[PDB]
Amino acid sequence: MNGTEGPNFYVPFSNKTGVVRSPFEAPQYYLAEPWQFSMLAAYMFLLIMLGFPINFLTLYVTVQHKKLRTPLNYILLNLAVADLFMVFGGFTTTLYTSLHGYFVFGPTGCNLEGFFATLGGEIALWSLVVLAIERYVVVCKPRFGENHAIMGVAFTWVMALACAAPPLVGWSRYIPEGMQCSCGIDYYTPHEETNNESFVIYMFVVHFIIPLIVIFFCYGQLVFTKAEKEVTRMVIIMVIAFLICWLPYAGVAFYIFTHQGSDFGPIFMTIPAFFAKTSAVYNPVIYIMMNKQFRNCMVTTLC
């Protein structure tokens, strides 16, 4: 083992020189210089200051205009709400933690940070499953209305909770990653008390592989068989954007899980874990660029 395991942490830094301290107890300046922590904090402050207004405006515009009741409108409303939970529930702790160089709030802070990021990301992935099914139904006509869209929304919360909630209550756990200023699922230790290995397999199979199978089956039907075209084009970009956002994180996580205790440093997981937090802001940006009706309503409300 090239790192330092504690009761509730795994620091990717050897304690041969005795300098490692718990990320719930002291600033982690032995593994990165203070200016690097400041860069994480500046980045998180930007995400909060952009993420709050752009997601609140999306929610507000949608509620104000009764014309905006297609399945796409409902799903983007759901994403805006989930993004606001990410921003206020999790990113406020990421910011405070990055400012101080460690989880001042202790494991409770780590739980907040990990839970709301996992919940928000999985709401997005299962939302794409709903949109992929909706596009397949509408285009391939094997009708998907408001009732199905709302049932789709409720479905995304249930699936996301089934992924994000168990590590709060004893199946796996949230644990600091990288420079120790964000938390994720424990890919790092066997920790039999929380049955870590089975949760990670469950997460990658049920909450990553199975959704992508559905999405690409639906896409394969679309391909290998103006208003609707605009929606289909937007969903294509939402799926591409999702993979850009989360595949680096998913790949590094899976590497760690299959290479536990190997020689990797703090920057290895820091970059993908923080890049993935752009998930709280990018979907409304795509929405504005690629949906004429929503863009016009937004300009109408804002002006």
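We number the residues from 1 along the sequence you see.
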Residues without coordinates, deposited sequence, stretch from residue 225 to residue 226: is the count none, 1 to 3, 4 to 9, or 10 or more? 10 or more
From residue 142 on to residue 143, does the model leave out none, 1 to 3, 4 to 9, or 10 or more residues of the deposited sequence? 4 to 9
With respect to the recorded C-alpha B factors, which stretch has the higher mean value, 214 to 222 or 170 to 178? 214 to 222
In the PDB record, does 101 to 109 or 144 to 152 carry the higher mean Cα temperature factor? 144 to 152
Looking at 121, 190, 90, 184, which one carries the largest C-alpha B-factor according to the PDB entry? 190
Criterion, highest CA B-factor; candidates, 163, 95, 80, 137: 137
Sorting the chain's CA B-factors, does residue 285 end up in the lowest, middle or highest third? lowest
Consider only the C-alpha atoms of the modelled residues in this chain, order them by B-factor as the entry records it, and name the third containing residue 201: lowest, middle or highest. highest
Sorting the chain's modelled residues by C-alpha B-factor, tell me whether residue 243 ends up in the lowest, middle or highest third. lowest
Can you work out whether the C-alpha temperature factor of residue 279 puts it in the lowest, middle or highest third of the chain? lowest
For residue 251, does the deposited CA B-factor place it in the lowest, middle or highest third of the chain? middle
